[PDB]
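A.B. asks: Following this message is one structure expressed as structure tokens.
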Amino acid sequence: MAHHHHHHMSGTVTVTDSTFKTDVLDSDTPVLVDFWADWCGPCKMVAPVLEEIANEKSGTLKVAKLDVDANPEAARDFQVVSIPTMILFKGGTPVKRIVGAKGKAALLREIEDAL
């Protein structure tokens, strides 16, 4: 029976729903979740633009993603009409929400401006 693992070390990782309340909820940090495709089309465009905000933000936060194609129920559950959707959580709660495939600048404004 192996308990310890070497997966947590991995930076960007998708957090399951059952583990969400164990990771997000538990942790008291701003969880950046993105509800888009399986990561290929849009992710390729929102790859750098997203990394920028993270690089400037800090190196502690966590970036979670989910493939809508596989988890379509989760989309509608959180009102998701567009593919490039994102929700800025904080302590297991949707404090902010941003949607749209734009540059780091704009994407960054959608947050602060929304705050």
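FYI, nothing fancy with the structure tokens labels: chains A, B, ... in order, residues from 1 per chain, ligands from 1 as they appear.
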Enumerate the residues of chain A with a DSSP assignment of helix (DSSP H, G or I), computed from the backbone, and present them as an NGL selection string.

C.D. replies: :A and (17-25 or 42-45 or 48-57 or 72-77 or 104-112)

A.B. asks: Check the DSSP output for the backbone and give back, as a VMD selection string, the residues of chain A in strand (DSSP E).

C.D. replies: chain A and resid 31 to 36 62 to 67 85 to 89 94 to 99

A.B. asks: Would you write out those residues with N, CA and C atoms, as a PDB file, in the first residue's frame?

C.D. replies:
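Writing done, so here's part-v1.pdb:
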```
ATOM      1  N   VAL A  31      -7.657  29.818  -6.531  1.00  0.00           N
ATOM      2  CA  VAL A  31      -7.607  28.749  -7.523  1.00  0.00           C
ATOM      3  C   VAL A  31      -8.142  29.223  -8.869  1.00  0.00           C
ATOM      4  N   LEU A  32      -7.283  29.196  -9.882  1.00  0.00           N
ATOM      5  CA  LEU A  32      -7.667  29.623 -11.223  1.00  0.00           C
ATOM      6  C   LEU A  32      -8.080  28.428 -12.078  1.00  0.00           C
ATOM      7  N   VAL A  33      -9.387  28.217 -12.199  1.00  0.00           N
ATOM      8  CA  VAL A  33      -9.912  27.111 -12.990  1.00  0.00           C
ATOM      9  C   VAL A  33     -10.373  27.588 -14.363  1.00  0.00           C
ATOM     10  N   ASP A  34     -10.077  26.796 -15.388  1.00  0.00           N
ATOM     11  CA  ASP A  34     -10.462  27.136 -16.753  1.00  0.00           C
ATOM     12  C   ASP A  34     -11.265  26.005 -17.388  1.00  0.00           C
ATOM     13  N   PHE A  35     -12.483  26.319 -17.818  1.00  0.00           N
ATOM     14  CA  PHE A  35     -13.352  25.328 -18.442  1.00  0.00           C
ATOM     15  C   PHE A  35     -13.344  25.478 -19.961  1.00  0.00           C
ATOM     16  N   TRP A  36     -12.422  24.778 -20.613  1.00  0.00           N
ATOM     17  CA  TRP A  36     -12.307  24.833 -22.066  1.00  0.00           C
ATOM     18  C   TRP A  36     -12.177  23.433 -22.655  1.00  0.00           C
ATOM     19  N   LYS A  62      -2.180  28.162  -8.196  1.00  0.00           N
ATOM     20  CA  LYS A  62      -2.343  26.935  -8.967  1.00  0.00           C
ATOM     21  C   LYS A  62      -3.324  27.141 -10.116  1.00  0.00           C
ATOM     22  N   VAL A  63      -3.029  26.528 -11.258  1.00  0.00           N
ATOM     23  CA  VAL A  63      -3.885  26.642 -12.432  1.00  0.00           C
ATOM     24  C   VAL A  63      -4.522  25.302 -12.781  1.00  0.00           C
ATOM     25  N   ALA A  64      -5.839  25.220 -12.629  1.00  0.00           N
ATOM     26  CA  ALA A  64      -6.569  23.995 -12.931  1.00  0.00           C
ATOM     27  C   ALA A  64      -7.346  24.126 -14.237  1.00  0.00           C
ATOM     28  N   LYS A  65      -7.477  23.017 -14.956  1.00  0.00           N
ATOM     29  CA  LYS A  65      -8.198  23.007 -16.224  1.00  0.00           C
ATOM     30  C   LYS A  65      -9.048  21.748 -16.356  1.00  0.00           C
ATOM     31  N   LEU A  66     -10.084  21.824 -17.183  1.00  0.00           N
ATOM     32  CA  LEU A  66     -10.975  20.688 -17.400  1.00  0.00           C
ATOM     33  C   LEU A  66     -11.453  20.640 -18.848  1.00  0.00           C
ATOM     34  N   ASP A  67     -11.476  19.441 -19.419  1.00  0.00           N
ATOM     35  CA  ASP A  67     -11.916  19.258 -20.797  1.00  0.00           C
ATOM     36  C   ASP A  67     -13.439  19.208 -20.879  1.00  0.00           C
ATOM     37  N   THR A  85     -13.682  29.610 -21.398  1.00  0.00           N
ATOM     38  CA  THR A  85     -14.251  30.109 -20.152  1.00  0.00           C
ATOM     39  C   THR A  85     -13.299  29.879 -18.983  1.00  0.00           C
ATOM     40  N   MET A  86     -13.335  30.783 -18.011  1.00  0.00           N
ATOM     41  CA  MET A  86     -12.476  30.678 -16.837  1.00  0.00           C
ATOM     42  C   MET A  86     -13.167  31.253 -15.604  1.00  0.00           C
ATOM     43  N   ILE A  87     -12.872  30.678 -14.444  1.00  0.00           N
ATOM     44  CA  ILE A  87     -13.464  31.135 -13.192  1.00  0.00           C
ATOM     45  C   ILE A  87     -12.406  31.282 -12.105  1.00  0.00           C
ATOM     46  N   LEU A  88     -12.196  32.515 -11.655  1.00  0.00           N
ATOM     47  CA  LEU A  88     -11.211  32.791 -10.614  1.00  0.00           C
ATOM     48  C   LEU A  88     -11.784  32.494  -9.231  1.00  0.00           C
ATOM     49  N   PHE A  89     -11.404  31.349  -8.674  1.00  0.00           N
ATOM     50  CA  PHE A  89     -11.878  30.947  -7.355  1.00  0.00           C
ATOM     51  C   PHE A  89     -10.943  31.458  -6.262  1.00  0.00           C
ATOM     52  N   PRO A  94     -16.350  30.728  -5.967  1.00  0.00           N
ATOM     53  CA  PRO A  94     -16.228  31.552  -7.173  1.00  0.00           C
ATOM     54  C   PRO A  94     -16.307  33.044  -6.866  1.00  0.00           C
ATOM     55  N   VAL A  95     -15.161  33.642  -6.560  1.00  0.00           N
ATOM     56  CA  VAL A  95     -15.101  35.065  -6.247  1.00  0.00           C
ATOM     57  C   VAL A  95     -15.147  35.909  -7.516  1.00  0.00           C
ATOM     58  N   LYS A  96     -14.538  35.400  -8.582  1.00  0.00           N
ATOM     59  CA  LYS A  96     -14.511  36.104  -9.857  1.00  0.00           C
ATOM     60  C   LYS A  96     -14.667  35.129 -11.020  1.00  0.00           C
ATOM     61  N   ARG A  97     -14.992  35.663 -12.194  1.00  0.00           N
ATOM     62  CA  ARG A  97     -15.173  34.840 -13.383  1.00  0.00           C
ATOM     63  C   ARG A  97     -14.821  35.624 -14.644  1.00  0.00           C
ATOM     64  N   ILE A  98     -14.046  35.000 -15.526  1.00  0.00           N
ATOM     65  CA  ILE A  98     -13.639  35.638 -16.771  1.00  0.00           C
ATOM     66  C   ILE A  98     -13.735  34.668 -17.944  1.00  0.00           C
ATOM     67  N   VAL A  99     -14.287  35.145 -19.055  1.00  0.00           N
ATOM     68  CA  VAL A  99     -14.435  34.321 -20.249  1.00  0.00           C
ATOM     69  C   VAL A  99     -14.022  35.086 -21.500  1.00  0.00           C
TER      70      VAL A  99
END
```

A.B. asks: With only C-alpha atoms as the atoms that count, which of A:53, A:5, A:42, A:76 lies nearest to residue 111 (chain A)?

C.D. replies: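 Smallest separation from residue 111 (chain A) among the options: A:53.
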
A.B. asks: Leaving out residue 60 (chain A) and any residue of its chain fewer than 4 positions from it, which residues lie within 12 Å of it when counting only C-alpha atoms, given as a PyMOL selection string?

C.D. replies: chain A and resi 9+11-12+27-32+54-56

A.B. asks: Just write the chosen residues, N, CA, C and O atoms, as a PDB file, in the first residue's frame.

C.D. replies:
```
ATOM      1  N   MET A   9       3.936  17.490  -6.886  1.00  0.00           N
ATOM      2  CA  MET A   9       5.021  18.345  -7.352  1.00  0.00           C
ATOM      3  C   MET A   9       4.649  19.028  -8.664  1.00  0.00           C
ATOM      4  O   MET A   9       4.996  20.187  -8.891  1.00  0.00           O
ATOM      5  N   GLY A  11       3.211  21.180 -11.366  1.00  0.00           N
ATOM      6  CA  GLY A  11       2.568  22.477 -11.278  1.00  0.00           C
ATOM      7  C   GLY A  11       1.133  22.447 -11.765  1.00  0.00           C
ATOM      8  O   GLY A  11       0.225  22.068 -11.022  1.00  0.00           O
ATOM      9  N   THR A  12       0.924  22.849 -13.014  1.00  0.00           N
ATOM     10  CA  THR A  12      -0.412  22.870 -13.597  1.00  0.00           C
ATOM     11  C   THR A  12      -0.997  21.465 -13.682  1.00  0.00           C
ATOM     12  O   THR A  12      -0.480  20.609 -14.399  1.00  0.00           O
ATOM     13  N   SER A  27      -7.199  24.365   0.651  1.00  0.00           N
ATOM     14  CA  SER A  27      -6.244  25.444   0.426  1.00  0.00           C
ATOM     15  C   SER A  27      -6.928  26.804   0.532  1.00  0.00           C
ATOM     16  O   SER A  27      -8.092  26.957   0.162  1.00  0.00           O
ATOM     17  N   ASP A  28      -6.194  27.789   1.039  1.00  0.00           N
ATOM     18  CA  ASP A  28      -6.727  29.138   1.193  1.00  0.00           C
ATOM     19  C   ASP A  28      -6.116  30.084   0.166  1.00  0.00           C
ATOM     20  O   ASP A  28      -5.870  31.256   0.454  1.00  0.00           O
ATOM     21  N   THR A  29      -5.872  29.568  -1.035  1.00  0.00           N
ATOM     22  CA  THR A  29      -5.286  30.367  -2.105  1.00  0.00           C
ATOM     23  C   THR A  29      -6.242  30.490  -3.285  1.00  0.00           C
ATOM     24  O   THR A  29      -7.173  29.700  -3.446  1.00  0.00           O
ATOM     25  N   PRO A  30      -6.011  31.503  -4.134  1.00  0.00           N
ATOM     26  CA  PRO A  30      -6.842  31.751  -5.315  1.00  0.00           C
ATOM     27  C   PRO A  30      -6.658  30.683  -6.388  1.00  0.00           C
ATOM     28  O   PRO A  30      -5.635  30.642  -7.070  1.00  0.00           O
ATOM     29  N   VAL A  31      -7.657  29.818  -6.531  1.00  0.00           N
ATOM     30  CA  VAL A  31      -7.607  28.749  -7.523  1.00  0.00           C
ATOM     31  C   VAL A  31      -8.142  29.223  -8.869  1.00  0.00           C
ATOM     32  O   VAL A  31      -9.307  29.605  -8.988  1.00  0.00           O
ATOM     33  N   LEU A  32      -7.283  29.196  -9.882  1.00  0.00           N
ATOM     34  CA  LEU A  32      -7.667  29.623 -11.223  1.00  0.00           C
ATOM     35  C   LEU A  32      -8.080  28.428 -12.078  1.00  0.00           C
ATOM     36  O   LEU A  32      -7.234  27.716 -12.616  1.00  0.00           O
ATOM     37  N   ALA A  54       0.308  34.776 -14.764  1.00  0.00           N
ATOM     38  CA  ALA A  54       0.833  33.902 -13.723  1.00  0.00           C
ATOM     39  C   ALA A  54       2.261  34.288 -13.350  1.00  0.00           C
ATOM     40  O   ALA A  54       2.616  34.330 -12.173  1.00  0.00           O
ATOM     41  N   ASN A  55       3.076  34.569 -14.362  1.00  0.00           N
ATOM     42  CA  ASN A  55       4.466  34.950 -14.141  1.00  0.00           C
ATOM     43  C   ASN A  55       4.553  36.236 -13.325  1.00  0.00           C
ATOM     44  O   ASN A  55       5.400  36.365 -12.441  1.00  0.00           O
ATOM     45  N   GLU A  56       3.672  37.185 -13.628  1.00  0.00           N
ATOM     46  CA  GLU A  56       3.651  38.461 -12.922  1.00  0.00           C
ATOM     47  C   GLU A  56       2.988  38.316 -11.555  1.00  0.00           C
ATOM     48  O   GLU A  56       3.407  38.940 -10.580  1.00  0.00           O
TER      49      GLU A  56
END
```

A.B. asks: Using only C-alpha atoms, can you tell me which of A:106, A:91, A:101, A:84 comes closest to residue 23 (chain A)?

C.D. replies: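 Once distances to residue 23 (chain A) are computed over only C-alpha atoms, the minimum belongs to A:91.
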
A.B. asks: Please, what distance in Å, to one decimal, runs between CA of residue 103 (chain A) and CA of residue 44 (chain A)?

C.D. replies: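 Value for the CA of residue 103 (chain A)-CA of residue 44 (chain A) distance: 12.2 Å.
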
A.B. asks: Hey, what's within 10 Å of residue 105 (chain A) if we count only C-alpha atoms and toss same-chain stuff fewer than 6 positions away? As a PyMOL selection string, please?

C.D. replies: chain A and resi 49-50+52-53

A.B. asks: Can you tell me how far CA of residue 69 (chain A) sits from CA of residue 40 (chain A), in Å to one decimal?

C.D. replies: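 Result for CA of residue 69 (chain A) versus CA of residue 40 (chain A): 11.9 Å, one decimal.
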
A.B. asks: Kindly give the distance, in Å, that separates CA of residue 68 (chain A) and CA of residue 38 (chain A), rounded to a single decimal.

C.D. replies: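 Result for CA of residue 68 (chain A) versus CA of residue 38 (chain A): 6.8 Å, one decimal.
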